[PDB]
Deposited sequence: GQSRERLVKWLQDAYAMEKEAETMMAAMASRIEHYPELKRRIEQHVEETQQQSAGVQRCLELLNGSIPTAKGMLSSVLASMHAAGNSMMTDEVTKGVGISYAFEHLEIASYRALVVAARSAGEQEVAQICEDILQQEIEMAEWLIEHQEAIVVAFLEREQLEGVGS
């Protein structure tokens, strides 16, 4: 009842969140000239994301909830991209944690697993950025004032 349709409600948010993530990454990847590791990483996550929402959509198809309708719409952009990248990966964490709860409460244990697995990838990814972060910042600085 309200359990399914709250789960469906948050499933739809995420599906759309994953599409925004996929475009935000598929576009941060385009700007990288100086961090093959960084760039290499984001590319791998653009593919992982595509598989997330497709997983989310299987969950929306299962519970009869519909599948959200697409919306359109000395440079610093790389240091600050790693910063927004990290914050969105935490937006995602929080959301998926709270999905595992809306799934458990709804007794949809299969949905809950999907969500815990997507969650671990966001954690994995977020971890990748905040560790490699410091080097990216420094190299930026040393390069800028060369």
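Comparing the deposited sequence against the modelled residues, what ranges come up empty for C-alpha?
Comparing the full sequence with the modelled residues, the uncovered ranges come out as 74 to 88, 162 to 166.
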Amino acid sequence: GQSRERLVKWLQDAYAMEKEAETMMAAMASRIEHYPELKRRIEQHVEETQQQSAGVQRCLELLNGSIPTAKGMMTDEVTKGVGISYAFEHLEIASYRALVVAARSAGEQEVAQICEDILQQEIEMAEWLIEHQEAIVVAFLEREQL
From here on, numbers count along this sequence of modelled residues.
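Pick between 106 to 114 and 92 to 100: the one whose mean CA B-factor in the entry is higher.
The stretch with the larger average C-alpha B-factor is 106 to 114.
Comparing 80 to 88 with 52 to 60, which has the greater mean CA B-factor as deposited?
It is 52 to 60 that shows the higher mean C-alpha B-factor.
What third of the chain, by the recorded C-alpha B-factor, contains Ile130?
Top third by C-alpha B-factor.
Going by the CA temperature factor in the PDB record, which third of the chain does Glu124 belong to: lowest, middle or highest?
Its C-alpha B-factor, which the entry lists for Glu124, ranks in the middle third among residues of this chain.
Taking the C-alpha B-factors as the PDB entry records them, is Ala26 in the lowest, middle or highest third of its chain?
Its C-alpha B-factor belongs to the highest third of this chain's values.
Relative to the other modelled residues of the same chain, rank the CA B-factor of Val46 and answer lowest, middle or highest third.
Answer is middle: the recorded C-alpha B-factor places it there.
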